[PDB]
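Student: Pasting a structure here, questions to come.
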Amino acid sequence: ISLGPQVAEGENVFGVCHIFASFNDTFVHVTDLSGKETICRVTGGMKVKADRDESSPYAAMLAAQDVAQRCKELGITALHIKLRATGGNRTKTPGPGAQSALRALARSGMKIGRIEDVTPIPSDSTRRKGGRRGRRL
Amino acid sequence: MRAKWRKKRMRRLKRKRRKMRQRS
Amino acid sequence: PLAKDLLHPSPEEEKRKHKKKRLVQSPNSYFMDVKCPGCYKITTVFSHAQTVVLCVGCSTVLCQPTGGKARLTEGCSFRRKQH
Amino acid sequence: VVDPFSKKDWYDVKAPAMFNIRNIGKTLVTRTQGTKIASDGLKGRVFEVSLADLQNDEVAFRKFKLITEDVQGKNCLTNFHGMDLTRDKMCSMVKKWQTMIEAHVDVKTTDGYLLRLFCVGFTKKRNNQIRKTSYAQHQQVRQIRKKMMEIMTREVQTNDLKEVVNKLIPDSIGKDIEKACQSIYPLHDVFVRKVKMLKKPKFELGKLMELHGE
Amino acid sequence: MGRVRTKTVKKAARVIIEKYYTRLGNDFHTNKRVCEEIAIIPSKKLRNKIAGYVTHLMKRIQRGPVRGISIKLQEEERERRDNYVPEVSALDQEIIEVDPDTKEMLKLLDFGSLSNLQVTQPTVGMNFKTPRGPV
Amino acid sequence: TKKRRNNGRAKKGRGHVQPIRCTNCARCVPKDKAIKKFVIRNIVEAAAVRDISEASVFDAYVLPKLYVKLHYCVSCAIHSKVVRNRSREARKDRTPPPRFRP
RNA sequence: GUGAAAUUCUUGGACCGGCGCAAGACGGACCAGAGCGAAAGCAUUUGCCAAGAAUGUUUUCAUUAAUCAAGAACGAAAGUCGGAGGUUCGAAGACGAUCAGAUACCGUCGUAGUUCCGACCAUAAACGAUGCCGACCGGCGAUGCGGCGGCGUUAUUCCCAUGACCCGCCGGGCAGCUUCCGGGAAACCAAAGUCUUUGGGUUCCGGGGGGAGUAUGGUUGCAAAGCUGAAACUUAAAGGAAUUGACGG
Ligand SMILES: [Mg+2]
Ligand SMILES: [Mg+2]
Ligand SMILES: [Mg+2]
Ligand SMILES: [Mg+2]
Ligand SMILES: [Mg+2]
Ligand SMILES: [Mg+2]
Ligand SMILES: [Mg+2]
Ligand SMILES: [Mg+2]
Ligand SMILES: [Zn+2]
């Protein structure tokens with residue numbers, strides 16, 4: 001009770017932290033083991049007011065700090081990790097904010113379980129956007 | 001001029017010539 | 001080797017050559033005599049048999065046709081027939 | 001105005017008897033008020049959990065779905081729902097200069113559970129192997145796949161969901177593929193990469209109780 | 001840094017070392033005194049730079065040959081290093097490892113059937129090539 | 001003037017090769033022509049691997065790897081310095097560059 | 001979402017997360033200078049139907065062959081017509097950006113199209129910018145198929161086949177490295193070699209650059225266009241391969 005479980009000191013409570021780090025944003029999202037219920041979702045957009053640093057490591061660590069204090073306030077100790085890129089037909093590698101957010105989560109008084117990749121990997125995707133001649137910059 | 005675009009220009013000119021010839 | 005003796009090729013290179021590419025054509029196949037196990041008579045079988053052979057007494061199969069050379073069933077003794 | 005975590009309550013999720021460890025963890029849900037029912041909301045929750053966390057000294061690259069069917073008090077009893085190899089494992093098994101063979105069967109369990117079984121296998125280069133690529137011919141792949149289909153449907157169609165799960169904990173089927181396919185082409189990287197459920201036998205509660213107990 | 005000798009001082013020293021070898025020595029000051037008369041160096045700074053390089057190469061050639069060549073030094077090098085002079089030649093083995101293929105090669109040569117050489121069991125496996133491709 | 005004997009692609013007994021897409025600009029490139037780069041990376045970088053290991057509940061946990069195969073059009077590969085222009089003789093070299101492992 | 005933004009969606013819960021459902025696409029990683037097919041082209045499993053090269057052949061016919069005007073079959077993509085289906089992407093178009101201007105490159109939306117069946121069109125840098133059949137002329141290590149041999153390892157079993165490797169040989173392929181065979185203007189090519197020491201057989205085809213693949217005639221097509229195809233006139237060069245320098249956002 002009191003915004004927390006009745007777990008003993010010897011046992012730790014396990015959550016699931018989806019880190020959807022794409023380009024131009026970074027989502028850190030803590031849920032239960034099934035993922036049905038969500039505790040807190042913080043993203044770099046609500047921590048930098050520049051519209052350019054949404055995927056910045058400076059904003060990513062701040063977002064991870066907020067979900068860390070919220071998890072500790074809710075009495076959550078151990079936390080699995082599910083790293084996710086944009087996926088689909090689009091880019092399959094995680095954005096810049098993934099490493100800073102993960103480092104912040106470890107150092108801000110949290111425990112780490114298993115790390116897994118939940119990137120959407122198609123067997124063979126649809127027509128990816130851009131044209132056959134690519135994005136001419 | 002690019003050779004492909006010159007080809008397209010000759011196509012448009014040919015369509016104009018055909019239309020005027022049919023008109024007469 | 002500017003002076004390879006094409007007149008008298010040695011037997012090991014002659015066997016090494018392709019069948020049609022030798023100095024005189026010689027077929028690689030031969031004729032063998034096969035003994036039907038549990039029988040008494042001797043049958044003639046091609047080395048590169050294309051059809052299944054069954055000697056009259058040996059009601060079981062003798063050779064199984066395959067790609068190059070027929071498979072002799074177990075217990076069949078074979079011997080060449082005059083080159 | 002208030003955070004809804006004030007009214008959320010915490011329940012303990014339990015495990016089938018196939019594993020020596022019974023406590024996956026803890027879930028939370030809102031309380032029972034009017035139209036919403038806490039028990040109903042907790043029905044059908046899928047808990048992706050490791051087999052290593054559910055066992056003492058087994059492998060760590062396995063995950064299980066473990067959908068929940070019933071709740072009694074503070075405990076949420078849970079039955080088998082599916083198995084999946086982790087993305088890191090399967091990606092690190094996919095190598096070059098070899099042949100990957102994939103098969104899928106659909107089997108109705110004697111209990112009544114319809115299951116789809118994806119099994120994967122990879123060819124082997126030998127210890128004295130000098131050729132760079134160790135490939136398999138198409139007919140050999142067809143023979144390996146067809147033999148793979150039938151020695152994994154015969155292991156599940158003749159047993160209930162209890163025996164199926166506890167025998168895929170060490171994957172005796174996968175080792176059976178390895179030891180049987182060596183007469184055609186050697187394989188080492190053979191694992192049942194995924195099993196998923198398709199139908200369930202009408203939600204008999206008596207089967208769930210003996211699943212967690214006798 | 002920046003004490004690298006130039007090709008002018010190097011080549012001049014190389015010629016005078018080969019031409020006047022027994023006159024020179026291991027002492028720098030003697031080297032600069034002899035170089036005053038054995039060569040015409042207009043500058044004193046170039047003179048003792050040459051003498052320094054001569055002293056350095058005299059230390060190098062007293063313990064081993066260098067790019068420069070001396071006719072007497074070549075004769076001394078061949079006069080020394082005659083041999084390790086072992087009591088017995090390194091190739092007079094009482095027993096000799098011999099493959100069966102080489103043994104029958106000697107038999108066809110007709111120089112086989114000698115007591116010194118012995119036949120060994122040939123290797124089995126026939127694997128001698130490196131695994132092809134990366135790793 | 002033919003620059004390369006293979007025309008910059010591995011198409012010898014074929015007539016058509018299925019196209020793929022550049023991972024930087026989404027450009028349709030023949031599959032045999034694009035630069036394929038398979039990368040195995042740490043999930044947690046070296047600056048934070050020790051932090052994660054100390055925070056791990058498990059006593060002995062190994063971080064998983066990223067296995068993504070990257071396809072680059074030659075324009076994007078050159079701009080990213082995945083490949084570099086070589087001399088007339090050095091183009092004939094087909095061995096991969098050393099891994100600098102020692 | 002971008003270099004930065006903005007159009008645009010958002011307190012109706014947008015995004016994210018979990019559970020299901022539907023739709024139409026699409027067949028990754030395995031996937032390789034690997035395979036097949038006349039090319040175009042072809043990559044989820046299983047089944048059916050015919051077809052095919054090569055290998056093996058002491059089988060059969062006995063010159064039945066090669067190239068081929070006229071003619072015919074197939075022929076990427078885009079395009080057209082009819083009907084289904086319209087997920088994604090996306091000509092046109094609109095909007096927001098950038099810019100001196102921006103009818104664009106960048107972002108949002110999106111029609112025709114992209115998908116399947118049927119009927120057209122007959123064109124691609126349809127490229128190996130390289131006709132087919134045949135003979136000869138260096139070496140080496142691999143790879144795919146078939147066959148033939150051999151120390152051995154492995155699979156099962158009690159022995160062989162038979163699979164998986166190892167060492168070799170033959171023939172047909174895709175190729176690769178090297179070479180003062182030779183050739184070529186060279187780049188380079190074991191063919192683009194066996195060419196003034198010029199003749200193996202045979203189709204197509206070029207004659208300085210433009211005008212011009214245009215005009216006209218004929219023919220095909222629903223159309224877009226396809227095939228055939230000039231002339232007047234204009235010009236001293238247009239080009240090819242290599243070398244040096246200069247410059248490169
Ligand atoms: Mg550019
Ligand atoms: Mg083509
Ligand atoms: Mg907006
Ligand atoms: Mg078409
Ligand atoms: Mg239509
Ligand atoms: Mg769009
Ligand atoms: Mg001819
Ligand atoms: Mg002309
Ligand atoms: Zn690109």
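Identifiers in this document derive from the order of the structure tokens: chains are assigned A, B, ..., residues are numbered from 1 separately in each chain, and ligands are numbered from 1 in order of occurrence.
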Taking only C-alpha atoms (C1' of nucleotides) into account, which residues of chain G are within 9 Å of chain C, as JSON, numbers by chain?

Tutor: {"G": [55, 56, 57, 58, 146, 147, 148, 160, 161, 169, 170, 171]}

Student: For the residues in the current selection, export N, CA, C and O atoms (P, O5', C5', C4', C3', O3' and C1' of nucleotides) as a PDB file, in the first residue's frame.

Tutor:
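The resulting part_12.pdb:
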ATOM      1  P     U G  55      28.137 -33.570 -71.228  1.00  0.00           P
ATOM      2  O5'   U G  55      28.290 -34.628 -70.053  1.00  0.00           O
ATOM      3  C5'   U G  55      29.122 -34.359 -68.934  1.00  0.00           C
ATOM      4  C4'   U G  55      28.738 -35.229 -67.769  1.00  0.00           C
ATOM      5  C3'   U G  55      28.731 -36.720 -68.058  1.00  0.00           C
ATOM      6  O3'   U G  55      30.015 -37.292 -67.897  1.00  0.00           O
ATOM      7  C1'   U G  55      26.706 -36.100 -66.991  1.00  0.00           C
ATOM      8  P     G G  56      30.594 -38.306 -68.994  1.00  0.00           P
ATOM      9  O5'   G G  56      29.754 -39.633 -68.750  1.00  0.00           O
ATOM     10  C5'   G G  56      29.773 -40.279 -67.486  1.00  0.00           C
ATOM     11  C4'   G G  56      28.804 -41.428 -67.449  1.00  0.00           C
ATOM     12  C3'   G G  56      28.697 -42.239 -68.728  1.00  0.00           C
ATOM     13  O3'   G G  56      29.742 -43.183 -68.861  1.00  0.00           O
ATOM     14  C1'   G G  56      26.533 -41.782 -67.878  1.00  0.00           C
ATOM     15  P     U G  57      30.487 -43.358 -70.270  1.00  0.00           P
ATOM     16  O5'   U G  57      29.435 -44.160 -71.152  1.00  0.00           O
ATOM     17  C5'   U G  57      28.888 -45.386 -70.694  1.00  0.00           C
ATOM     18  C4'   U G  57      27.717 -45.809 -71.539  1.00  0.00           C
ATOM     19  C3'   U G  57      27.909 -45.668 -73.038  1.00  0.00           C
ATOM     20  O3'   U G  57      28.645 -46.738 -73.598  1.00  0.00           O
ATOM     21  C1'   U G  57      25.810 -44.779 -72.428  1.00  0.00           C
ATOM     22  P     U G  58      30.211 -46.563 -73.904  1.00  0.00           P
ATOM     23  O5'   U G  58      30.511 -47.688 -74.988  1.00  0.00           O
ATOM     24  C5'   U G  58      30.142 -47.487 -76.346  1.00  0.00           C
ATOM     25  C4'   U G  58      29.513 -48.715 -76.954  1.00  0.00           C
ATOM     26  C3'   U G  58      28.354 -49.330 -76.167  1.00  0.00           C
ATOM     27  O3'   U G  58      27.321 -49.724 -77.064  1.00  0.00           O
ATOM     28  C1'   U G  58      30.044 -50.958 -76.538  1.00  0.00           C
ATOM     29  P     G G 146      24.780 -33.420 -58.663  1.00  0.00           P
ATOM     30  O5'   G G 146      25.228 -34.443 -59.793  1.00  0.00           O
ATOM     31  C5'   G G 146      24.340 -34.773 -60.846  1.00  0.00           C
ATOM     32  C4'   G G 146      25.060 -35.415 -62.000  1.00  0.00           C
ATOM     33  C3'   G G 146      26.036 -36.519 -61.651  1.00  0.00           C
ATOM     34  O3'   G G 146      25.407 -37.747 -61.334  1.00  0.00           O
ATOM     35  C1'   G G 146      27.027 -35.087 -63.225  1.00  0.00           C
ATOM     36  P     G G 147      26.056 -38.713 -60.227  1.00  0.00           P
ATOM     37  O5'   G G 147      27.265 -39.409 -60.993  1.00  0.00           O
ATOM     38  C5'   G G 147      27.029 -40.169 -62.166  1.00  0.00           C
ATOM     39  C4'   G G 147      28.288 -40.363 -62.969  1.00  0.00           C
ATOM     40  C3'   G G 147      29.418 -41.108 -62.281  1.00  0.00           C
ATOM     41  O3'   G G 147      29.231 -42.511 -62.281  1.00  0.00           O
ATOM     42  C1'   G G 147      30.279 -39.195 -63.358  1.00  0.00           C
ATOM     43  P     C G 148      29.805 -43.405 -61.078  1.00  0.00           P
ATOM     44  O5'   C G 148      31.375 -43.426 -61.338  1.00  0.00           O
ATOM     45  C5'   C G 148      31.901 -43.960 -62.544  1.00  0.00           C
ATOM     46  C4'   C G 148      33.373 -43.671 -62.680  1.00  0.00           C
ATOM     47  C3'   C G 148      34.251 -44.188 -61.556  1.00  0.00           C
ATOM     48  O3'   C G 148      34.554 -45.564 -61.696  1.00  0.00           O
ATOM     49  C1'   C G 148      34.848 -41.956 -62.075  1.00  0.00           C
ATOM     50  P     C G 160      31.717 -51.851 -43.827  1.00  0.00           P
ATOM     51  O5'   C G 160      31.935 -52.261 -45.350  1.00  0.00           O
ATOM     52  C5'   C G 160      31.661 -51.337 -46.391  1.00  0.00           C
ATOM     53  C4'   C G 160      30.848 -51.965 -47.494  1.00  0.00           C
ATOM     54  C3'   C G 160      30.119 -50.989 -48.403  1.00  0.00           C
ATOM     55  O3'   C G 160      30.953 -50.442 -49.408  1.00  0.00           O
ATOM     56  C1'   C G 160      28.631 -52.697 -47.734  1.00  0.00           C
ATOM     57  P     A G 161      31.408 -48.904 -49.331  1.00  0.00           P
ATOM     58  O5'   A G 161      30.899 -48.280 -50.706  1.00  0.00           O
ATOM     59  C5'   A G 161      29.741 -47.459 -50.756  1.00  0.00           C
ATOM     60  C4'   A G 161      28.547 -48.225 -51.268  1.00  0.00           C
ATOM     61  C3'   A G 161      27.365 -47.394 -51.734  1.00  0.00           C
ATOM     62  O3'   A G 161      27.526 -46.869 -53.039  1.00  0.00           O
ATOM     63  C1'   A G 161      26.596 -49.130 -50.339  1.00  0.00           C
ATOM     64  P     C G 169      43.532 -33.151 -60.471  1.00  0.00           P
ATOM     65  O5'   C G 169      42.869 -34.222 -61.441  1.00  0.00           O
ATOM     66  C5'   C G 169      43.642 -35.278 -61.986  1.00  0.00           C
ATOM     67  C4'   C G 169      42.783 -36.225 -62.777  1.00  0.00           C
ATOM     68  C3'   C G 169      41.816 -35.569 -63.743  1.00  0.00           C
ATOM     69  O3'   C G 169      42.433 -35.186 -64.957  1.00  0.00           O
ATOM     70  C1'   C G 169      40.682 -37.224 -62.500  1.00  0.00           C
ATOM     71  P     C G 170      41.888 -33.924 -65.785  1.00  0.00           P
ATOM     72  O5'   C G 170      40.546 -34.460 -66.449  1.00  0.00           O
ATOM     73  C5'   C G 170      40.571 -35.571 -67.331  1.00  0.00           C
ATOM     74  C4'   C G 170      39.182 -35.982 -67.739  1.00  0.00           C
ATOM     75  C3'   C G 170      38.293 -34.865 -68.247  1.00  0.00           C
ATOM     76  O3'   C G 170      38.562 -34.530 -69.594  1.00  0.00           O
ATOM     77  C1'   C G 170      37.084 -36.210 -66.726  1.00  0.00           C
ATOM     78  P     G G 171      38.546 -32.997 -70.061  1.00  0.00           P
ATOM     79  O5'   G G 171      37.034 -32.752 -70.482  1.00  0.00           O
ATOM     80  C5'   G G 171      36.322 -33.733 -71.219  1.00  0.00           C
ATOM     81  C4'   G G 171      34.836 -33.562 -71.062  1.00  0.00           C
ATOM     82  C3'   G G 171      34.343 -32.130 -71.039  1.00  0.00           C
ATOM     83  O3'   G G 171      34.237 -31.565 -72.333  1.00  0.00           O
ATOM     84  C1'   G G 171      33.301 -33.359 -69.309  1.00  0.00           C
TER      85        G G 171
END

Student: Neighbouring residues of ligand 1 are defined here as those with any atom at most 9 Å from a ligand atom, counting only C-alpha atoms (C1' of nucleotides) and all ligand atoms; list them as a list in words.

Tutor: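 With only C-alpha atoms (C1' of nucleotides) and all ligand atoms and a cut-off of 9 Å, ligand 1 is contacted by residues 136 and 137 of chain A; 75, 76 and 79 of chain F.
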
Student: Excluding residue G:67 and residues on its chain fewer than 2 positions from it, collect all residues at most 10 Å away from it, counting only C-alpha atoms (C1' of nucleotides), and give them as a list in words.

Tutor: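 Close residues of residue G:67: residues 132, 133, 201, 202 and 203 of chain G.
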
Student: Separation of atom CA of residue E:98 and atom CA of residue E:110, in Å?

Tutor: 15.7 Å

Student: Find the nearest atom pair between each residue of chain G and chain D for residues within 12 Å, count only C-alpha atoms (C1' of nucleotides), give distances in Å to one decimal, sort rows by chain and ascending number, and present the table as JSON lines.

Tutor:
{"residue": "G:18", "atom": "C1'", "partner": "D:45", "partner_atom": "CA", "distance": 7.8}
{"residue": "G:19", "atom": "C1'", "partner": "D:44", "partner_atom": "CA", "distance": 7.2}
{"residue": "G:20", "atom": "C1'", "partner": "D:44", "partner_atom": "CA", "distance": 10.4}
{"residue": "G:28", "atom": "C1'", "partner": "D:91", "partner_atom": "CA", "distance": 11.9}
{"residue": "G:29", "atom": "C1'", "partner": "D:94", "partner_atom": "CA", "distance": 7.2}
{"residue": "G:30", "atom": "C1'", "partner": "D:100", "partner_atom": "CA", "distance": 5.5}
{"residue": "G:31", "atom": "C1'", "partner": "D:96", "partner_atom": "CA", "distance": 8.9}
{"residue": "G:32", "atom": "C1'", "partner": "D:97", "partner_atom": "CA", "distance": 7.5}
{"residue": "G:34", "atom": "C1'", "partner": "D:133", "partner_atom": "CA", "distance": 10.4}
{"residue": "G:35", "atom": "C1'", "partner": "D:138", "partner_atom": "CA", "distance": 11.0}
{"residue": "G:44", "atom": "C1'", "partner": "D:102", "partner_atom": "CA", "distance": 9.2}
{"residue": "G:45", "atom": "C1'", "partner": "D:103", "partner_atom": "CA", "distance": 7.2}
{"residue": "G:46", "atom": "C1'", "partner": "D:146", "partner_atom": "CA", "distance": 9.6}
{"residue": "G:142", "atom": "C1'", "partner": "D:131", "partner_atom": "CA", "distance": 9.2}
{"residue": "G:143", "atom": "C1'", "partner": "D:133", "partner_atom": "CA", "distance": 9.8}
{"residue": "G:144", "atom": "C1'", "partner": "D:137", "partner_atom": "CA", "distance": 10.9}
{"residue": "G:145", "atom": "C1'", "partner": "D:137", "partner_atom": "CA", "distance": 11.0}
{"residue": "G:152", "atom": "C1'", "partner": "D:128", "partner_atom": "CA", "distance": 11.2}
{"residue": "G:153", "atom": "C1'", "partner": "D:128", "partner_atom": "CA", "distance": 8.1}
{"residue": "G:154", "atom": "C1'", "partner": "D:126", "partner_atom": "CA", "distance": 8.8}
{"residue": "G:155", "atom": "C1'", "partner": "D:183", "partner_atom": "CA", "distance": 4.7}
{"residue": "G:156", "atom": "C1'", "partner": "D:183", "partner_atom": "CA", "distance": 7.6}
{"residue": "G:162", "atom": "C1'", "partner": "D:183", "partner_atom": "CA", "distance": 9.4}
{"residue": "G:163", "atom": "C1'", "partner": "D:184", "partner_atom": "CA", "distance": 4.9}
{"residue": "G:164", "atom": "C1'", "partner": "D:185", "partner_atom": "CA", "distance": 5.6}
{"residue": "G:165", "atom": "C1'", "partner": "D:126", "partner_atom": "CA", "distance": 6.0}
{"residue": "G:166", "atom": "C1'", "partner": "D:128", "partner_atom": "CA", "distance": 7.3}
{"residue": "G:167", "atom": "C1'", "partner": "D:130", "partner_atom": "CA", "distance": 11.7}

Student: Neighbours of ligand 4 within 8 Å, counting only C-alpha atoms (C1' of nucleotides) and all ligand atoms, as a list in words?

Tutor: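 Residues satisfying the distance criterion: residues 76, 77 and 78 of chain G.
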
Student: Counting only C-alpha atoms (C1' of nucleotides), what is within 12 Å of residue F:11, bar same-chain residues fewer than 3 positions away, as a count of residues only?

Tutor: 20

Student: Can you tell me which residues come within 6 Å of ligand 9 when counting only C-alpha atoms (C1' of nucleotides) and all ligand atoms, ideally as a list in words?

Tutor: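 The residues within 6 Å of ligand 9, counting only C-alpha atoms (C1' of nucleotides) and all ligand atoms, are residues 22, 24, 25, 27, 72, 73, 75 and 76 of chain F.
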
Student: How would the residues just chosen look if you wrote them out with C-alpha atoms as a compact mmCIF listing (two decimals), in the first residue's frame?

Tutor:
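Result file is part.txt:
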# COMPACT_ATOMS: atom_id res chain seq x y z
CA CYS F 22 19.99 2.47 -49.05
CA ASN F 24 20.64 6.49 -45.38
CA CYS F 25 18.52 7.91 -48.22
CA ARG F 27 17.60 4.75 -52.82
CA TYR F 72 24.52 1.73 -48.71
CA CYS F 73 24.29 3.30 -52.13
CA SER F 75 27.00 7.89 -52.89
CA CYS F 76 26.09 7.50 -49.22

Student: Which is closer to chain D than all the others in A:112, A:101, A:46, A:39, using only C-alpha atoms?

Tutor: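 Smallest distance to chain D is found for A:39.
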
Student: Would you name the residues within 12 Å of ligand 5, counting only C-alpha atoms (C1' of nucleotides) and all ligand atoms, and put them as a ChimeraX atom specification?

Tutor: /G:79-86,112-120
